[PDB]
Amino acid sequence: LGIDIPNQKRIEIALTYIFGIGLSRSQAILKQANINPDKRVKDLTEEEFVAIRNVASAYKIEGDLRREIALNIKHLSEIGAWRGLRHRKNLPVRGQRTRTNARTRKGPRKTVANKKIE
Amino acid sequence: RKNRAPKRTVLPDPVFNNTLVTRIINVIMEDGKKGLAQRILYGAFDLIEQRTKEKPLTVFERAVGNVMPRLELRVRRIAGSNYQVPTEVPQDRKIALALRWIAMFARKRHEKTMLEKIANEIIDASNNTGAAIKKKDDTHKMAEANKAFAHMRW
Amino acid sequence: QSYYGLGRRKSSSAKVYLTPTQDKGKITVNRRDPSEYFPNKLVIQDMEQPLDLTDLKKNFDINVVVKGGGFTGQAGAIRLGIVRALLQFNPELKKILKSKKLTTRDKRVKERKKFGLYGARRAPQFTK
Amino acid sequence: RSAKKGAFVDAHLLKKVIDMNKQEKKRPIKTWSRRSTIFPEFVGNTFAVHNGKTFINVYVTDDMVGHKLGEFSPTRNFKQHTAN
Amino acid sequence: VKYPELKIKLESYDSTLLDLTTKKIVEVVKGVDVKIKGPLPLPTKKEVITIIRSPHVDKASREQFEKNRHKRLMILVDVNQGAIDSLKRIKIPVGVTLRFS
Amino acid sequence: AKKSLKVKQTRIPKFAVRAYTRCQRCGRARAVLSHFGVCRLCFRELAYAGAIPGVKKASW
Amino acid sequence: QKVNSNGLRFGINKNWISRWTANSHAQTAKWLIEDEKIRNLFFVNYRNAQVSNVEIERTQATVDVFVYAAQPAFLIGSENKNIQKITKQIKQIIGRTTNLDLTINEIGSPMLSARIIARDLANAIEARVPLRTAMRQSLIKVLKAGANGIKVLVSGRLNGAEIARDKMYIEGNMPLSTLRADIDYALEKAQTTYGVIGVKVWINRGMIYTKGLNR
RNA sequence: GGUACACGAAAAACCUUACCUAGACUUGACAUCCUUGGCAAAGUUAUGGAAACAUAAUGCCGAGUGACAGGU
RNA sequence: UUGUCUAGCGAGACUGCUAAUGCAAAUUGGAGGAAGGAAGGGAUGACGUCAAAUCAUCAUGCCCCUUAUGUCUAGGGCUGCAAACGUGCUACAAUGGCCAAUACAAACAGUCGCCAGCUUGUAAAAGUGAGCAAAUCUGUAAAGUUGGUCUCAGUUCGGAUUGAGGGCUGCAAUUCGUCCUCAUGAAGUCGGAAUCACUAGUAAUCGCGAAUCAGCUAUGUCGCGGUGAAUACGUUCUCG
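Residues numbered from 1 in each chain as written, not as in the entry; some residues may be left out. Chains lettered and ligands numbered in written order. Part of a larger assembly, values for the part shown. Heavy atoms only, no water.

Which entries qualify depends on this criterion: UniProt positions are given in the numbering used here, feature names are shortened, and annotations may be inferred rather than shown by experiment.
Per the PDB entry, chain F is named 30S ribosomal protein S14 type Z, and its organism is Mycoplasma pneumoniae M129. This entry appears in the Protein Data Bank under the title "70S ribosome with EF-G, A/P- and P/E-site tRNAs in pseudouridimycin-treated Mycoplasma pneumoniae cells". Comment text from UniProt for chain F, heading Function, reads "Binds 16S rRNA, required for the assembly of 30S particles and may also be responsible for determining the conformation of the 16S rRNA at the A site." The record held by UniProt for chain F lists under Sequence similarities the comment "Belongs to the universal ribosomal protein uS14 family. Zinc-binding uS14 subfamily."

Naming follows the PDB entry, where chain D appears as 30S ribosomal protein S19 of Mycoplasma pneumoniae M129. Under the UniProt heading Sequence similarities, the note attached to chain D is "Belongs to the universal ribosomal protein uS19 family."

## Digging into the interface of chain D and chain A
Heads up, the condition is: Here, two residues are considered to be in contact whenever any of their heavy atoms come within 4.5 Å of each other. Defined here as a combined quantity, buried area equals the accessible surface (1.4 Å probe) lost by two parts on assembly, summed across both. Between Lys or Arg on one side and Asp or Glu on the other, a salt bridge is scored when a side-chain nitrogen of the former is within 4 Å of a carboxyl oxygen of the latter. Here a polar contact is taken to be a pair of N or O atoms separated by no more than 3.5 Å, where protein atoms must pair a possible hydrogen donor with a possible acceptor and residues adjacent in sequence count only if both atoms sit in side chains.
Between chain D and chain A, the contact holds 8 residues from the first and 7 residues from the second. Taking both partners together, chain D and chain A bury about 800 Å²; carbon and sulfur atoms supply 59% of that area. Where chain D touches chain A, the interface holds 1 salt bridge. In this structure, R83(A) engages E71(D) in a salt bridge whose closest nitrogen and oxygen atoms are separated by 2.4 Å. At the boundary of chain D with chain A, the tally comes to 3 residue pairs in polar contact.

## Observations regarding the arrangement of the chains
Contacts are most numerous between chains E and F, taken over all 7 pairs of chains that touch. Over all C-alpha pairs, chain A and chain G never come within contact, reaching a minimum spacing of 33 Å.

## Thoughts on the protein's contact with RNA strand H
Put simply, the rule reads: Here a residue is near a molecule or strand as soon as one of its heavy atoms is found within 4 Å of it. Note on conventions: DSSP H or I runs of at least 4 residues are helices, E runs of at least 2 residues are strands, and numbering of each starts at the N terminus.
The local shell around RNA strand H holds 31 residues, among which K128(C), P55(E), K3(F), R30(F) and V32(F) are the closest. Of all RNA strand H atoms lying within 4 Å of any protein atom, the proportion belonging to sugar or phosphate reaches 62%. Here a base oxygen of RNA strand H and a side-chain polar atom of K15(D) are 3.1 Å apart. The backbone of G52(D) places a nitrogen or oxygen atom 3.2 Å from a base oxygen of RNA strand H. For the surface near RNA strand H, the secondary structure elements donating two or more residues are helix 1 (13-23) of chain D together with helix 1 (3-9) of chain F. No other element matches the 4 residues that helix 1 of chain F contributes to the surface near RNA strand H.

## Things to note about the sheet that holds strand 1 (residues 5-9) of chain C
Residue and element names in this part refer to chain C. Spelled out, the test is: Paired strands, as defined in this entry, are two strands with at least two bridges between them according to DSSP. For every element, the axis is a line fit to its C-alpha atoms; helices are fit only across the contacting stretch, and the angle between N-to-C directions ranges from 0 to 180 degrees.
Spatially, 3 strands are ordered 1-2-3 in an open sheet, and the strand pairing comes out antiparallel. The open sheet has two free edges, formed respectively by strand 1 and strand 3 (63-67), since each of these has just one partner strand. Strand-to-strand, the axes of this sheet are offset by a mean angle of 15 degrees, without reference to chain direction. Of the strand pairs in this sheet, strand 2 (residues 12-17) and strand 3 are connected by 5 bridges, and their pairing is antiparallel. Looking at the pairing, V16 lines up with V64 of strand 3. Where helix 3 (residues 72-89) meets the sheet, it contacts strand 1, strand 2 and strand 3, and its direction lies at approximately 150 degrees from that of strand 1.

## Notes on the pattern of salt bridges
The following threshold applies: Summary of the burial criterion: residues with accessible area below 20% of their type's maximum are buried, those above 50% are exposed, and those between are partly exposed, where the area comes from a 1.4 Å probe applied to protein chains only.
On inspection of all chains with the given rule, the structure shows 19 salt bridges over all chains. The salt bridge partner of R107(B) is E30(B), with a shortest N-O separation of 3.1 Å. Linking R107(B) in helix 4 (residues 91-107) with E30(B) in the loop between helix 1 (19-28) and helix 2 (35-50), this pair joins segments that are 77 residues apart in sequence. Relative accessible area serves as the criterion here: at 43%, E30(B) is assigned to the partly exposed category. Residue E5(E) pairs with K7(E) through a salt bridge whose shortest N-O separation is 3.0 Å. Classification of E5(E) by relative accessible area gives partly exposed; the value is 41%. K7(E) sits in the partly exposed class, given a relative accessible area of 33%. A cluster of three or more residues bridged by salt bridges with shared partners is formed by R109(B), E111(B), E121(B) and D124(B).

## As for the UniProt feature "binding site: Zn(2+)" in chain F
All names here are of chain F. Here the UniProt feature "binding site: Zn(2+)" sits at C23, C26, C39 and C42. Despite a sequence span of 20 residues, these residues sit close together in the fold, their greatest C-alpha distance being 8.0 Å. Among the structural elements, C39 can be located in strand 2 (residues 38-39). Classification of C39 by relative accessible area gives buried; the value is 1%. Those residues in contact with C39 that lie beyond four places of it in its chain are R22, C23, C26, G27, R28 and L33.

## Things to note about unusual backbone geometry
Phi at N17(B) is positive, roughly 55 degrees, even though this residue is not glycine. Mapped onto the fold, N17(B) is located in the segment before helix 1. Backbone geometry at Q60(G) places phi at a positive 50 degrees, although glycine is not the residue there. Tracing the chain through its elements places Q60(G) in the loop between strand 2 (51-58) and strand 3 (63-69). Here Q60(G) falls in the partly exposed class, since its relative accessible area comes to 44%.

## A word on the pairing of strand 7 (residues 183-192) of chain G
Residue and element names in this part refer to chain G. Taken together, the 10 bridges between strand 7 and strand 8 (residues 195-204) define a ladder with antiparallel strand orientation. Paired with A186 across the bridge in strand 8 is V201. In this structure, the hairpin formed by strand 7 and strand 8 is closed by a connection of 2 residues.

## Focus: the packing of helix 1 of chain B against helix 4 of chain B
All names here are of chain B. We count it as follows: An angle below 35 degrees is read as roughly parallel, one above 145 as roughly antiparallel, one from 65 to 115 as roughly perpendicular, and any other as oblique. What makes a crossing left-handed is the near helix being turned counterclockwise from the far one by less than a right angle; a clockwise turn instead makes it right-handed. Three classes are used: nonpolar for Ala, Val, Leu, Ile, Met, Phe, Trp, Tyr, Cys and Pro, charged for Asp, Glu, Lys and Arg, and polar for all others, with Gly counted as polar.
Axis separation between helix 1 and helix 4 bottoms out at 10 Å; the angle between their running directions is 50 degrees. With respect to their mutual orientation, helix 1 and helix 4 come out oblique. Taken as a pair, helix 1 and helix 4 cross one another with a handedness that is right-handed. Within the contact between the two elements, helix 1 uses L20, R23, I24, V27 and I28 and helix 4 uses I95, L99, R100 and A103. Residues that form the contact of helix 1 with helix 4 fall into these classes: 7 nonpolar, no polar and 2 charged.

## Quick notes on the protein's contact with RNA strand I
Taken together, 167 residues sit near RNA strand I, with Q96(A), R109(A), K110(A), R34(D) and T21(F) positioned nearest. Close to the protein, within 4 Å, the atoms of RNA strand I belong to sugar or phosphate groups at a rate of 76%. Measuring from a phosphate oxygen of RNA strand I, one finds a side-chain N or O atom of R40(A) at 2.8 Å. With respect to RNA strand I, the side chain of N63(C) contributes an N or O atom lying 2.9 Å from a base nitrogen. Broken down by class, the residue content of the surface near RNA strand I amounts to 43 nonpolar, 48 polar and 76 charged.

## Thoughts on the environment of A147(G)
Residue and element names in this part refer to chain G. Residue placement: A147 occurs in the loop between helix 6 (131-145) and strand 5 (151-155). Taking relative accessible area as the criterion, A147 reaches 38% and is therefore assigned partly exposed. Put simply, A147 and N123 are 24 residues apart on the chain and 23 Å apart in space, counted from C-alpha to C-alpha. When neighbours within four sequence positions are excluded, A147 is seen to be in contact with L112 and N204.

Structure (structure tokens):
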């Protein structure tokens, strides 16, 4: 994790500008600590800047969140697993058909000449 | 071809009694919704009354008068080249397209709230400095060279 | 006594009762003011266009019950009931009201769409 | 994936495993269920699974076994990006 | 009273044949028993079934067929077995069925 | 084949989801109509002569 | 292409072949899938019976099937020769416990059925009988029987390869765009040594004045 | 092309299904033309088996032989 | 805040009347009505045309197979993959995004079912428990309004992909079902060339039901209902 604050706005959306904690887990932290974002001000108390990090670390660690997610990815990669096999080589694995889609995992375009005369 | 078909008529506004305001209602209307459009309407009149207070009407038909078009473009051909010449057009279509220009230049603004930007193009057009009058100037000016077939219309 | 009126619009209807009593009446429907049942918007003047253009609201009640439809059709139905009551009470105004075209509803309802149509007239986007 | 049975085996693998883990010295087993997912007590073996073309015999991992046994091997053949 | 709450429901898949059967039965039950309430008209169960016409490539050239089921109610509290006997003189046609409780 | 499909359909399976519905005189699982255990072509052709009691051309 | 006009007047002017109902998609499907085959039996079984029609009547699991023909002389049977076979095949087709019985009769003006004429021309096709004699015989017979103008057409092999010849004949008025006409249609496929011959016959019973209710 | 391309095909994880391969399969899975049977046809379960499927009783009823059917 | 409503029988618009101009036919206005000049719509496709489509609905003339193109189940495949088309969806936004409260239907279906409701749950759902073989029982209608926030920017936009966990059916969800909770947050600033559809309840937009099916990423199909515009001058061109 790190230290990040919105430009000048409510306290809660600071949780949006940190990874591993989206809007839902943000509201979860708020209802856990009973701290509501006061109007367009990020400064109400000084102790909260480590108090919120306590419960955030209690959930899990941001960088470690992604670290063990990537570890899980390479765990599919290490042993023979069709899910990992397709996930490693830039190709979708779920029920999505790979004949007209998957471009977001492919670069913008790599089109080449085709043979439609036959 | 289309033989003859009278168009629909508008009804007087219950709180304005102005055909022009009804055409405003029509042009800014989107997605088949009146209430949302009517909110923009109420905000527009209220803010025109608020900032530099005058008379919603006086400025309204003032802008309408300033944006009154002269000649509208239509295209003919020799079957191989398009030539655009302006001809006349009744007042109802003139007003409809003028208010359409106003609304289109309204939506193509980048300020925050709709009501304030709407009042902005309205007062700009009433001041003969908005973008609505520029296309009118262009449609009047192009007739300088399009007179060749503006003389003989087919 | 009361005036039996019926209004119809968009497959919705409305029964209307007015009285010649000594009360100016209060516009209401569904046991609430139209400011809370109908949208609190321009329709407040729309639902009373004939009564504010003729026979100002000073000598009758408002006992109207609605059935079905959305809300704009409800306004048309209640207006049709109002004009029906106005006609049956004072038919002499029949000449001066029909010019305004406040007569029966003009059967404009959503069509009965068919196969190959998206709005009963929209086409399937003909291609090459 | 059953949420009532941690990994729903077809229950015909049970016969093969109660044979094999008792024998526990001939790793290739002639049994194949693309819908089988092993429990921790059915781990450490190879599985001769019929692809529908050939009988592929591959060894299974010992760390995450809560996955389909046919999901550790390709279900069909594929090829590179189309240029021919 | 002899058999309270004769609530007999009649079912047919037409309105004209429905008219015929309703007329027949609610007029034959007159002549023997009193206190028969009017047969309450009932909504018609309409089913449109849209069907592809060609056995091949089109989803726009589809016809559509109708199946409409009709029903009528007779609620009889105060009666005698005379109406029950009268039920066995002129038979309802084969396209109409009865529901009872 | 065509007839053996009909034969195996009329049989009884061991699990309860093996069943697939079709018509019995002219059965076509492709665009099946289990509304009356019939087929689309079958219903259309029987409707032309009037073999169904309650069949009518749709009216709106 | 076009659609048989028998369905255009079915449901508003034409009588129902079957008049019955039951619980939806519970036993209606089975009952209809049985009695449709029951109906289709006789025309396939018999070609020399000139049967007019069949009629299914079901009343709460009580089922019977009327049959009507032109001349039941070969359908009643000597000392009930046919009726015993009819009863046996009826027990064959629809269960063994259901009530089963019928009666054979003749409808008024049996000559005005398209089915009998279509079967006659099919006999003229399956017997390798020439086409012109059959067509002229049908025309003169329907003219002298007494009726309004009818029509007929044929399609298929006419003793020659590259089938592109089909013949149509029409007399009087045949208003296929008219609600009330009470006009019958038949379609038959005759088997020949060169293939299948499809023949359509539109027989005009005659429009009835002020048809306000089903016949 | 108009007159295919939200199509046939209003449901491709068994079936759907024609197909790649495994196991079996032969007057025939199913039905019909002969003659003998009027009560045993399913299902049942340890048996081998990934799976058809055989050994154990149970519970239009039925054998052989020929006459062939079926082909998405 | 009871005779609206469901639906049978009918009545009712027929150039019926008049001014108007015409040999006639037929023409525009006015009265009236619920509606005036095919009241609005569906349903009703002549001969042919391209031998267009289906010998895989069916029947089916040829030829061929037959201890085999016949049978039975496992499993795989009809879903891949540089691409492009054809069609949706939904963004690129403060008419908006999210949050609380609040206005209102039609039809339509429901018997191994429709599921009122209770309790357990952030949730898929679970245990449970009434009416409905159906005008009595069932299926938050939303857009809207009261506001609150977001404060004008790659945003509480957009929600893709992927990951973790939970949920249901199904012998089973890997191939190739899907729902929800949580994690991330893809391109993207209105789309040149060209186009497609549309004359008022129209387009656009918002929601409900039915369908095959055990269930289903059907955004699709079939309909139902709500809000609800613009332009029609005109036929030189463009398609028939």
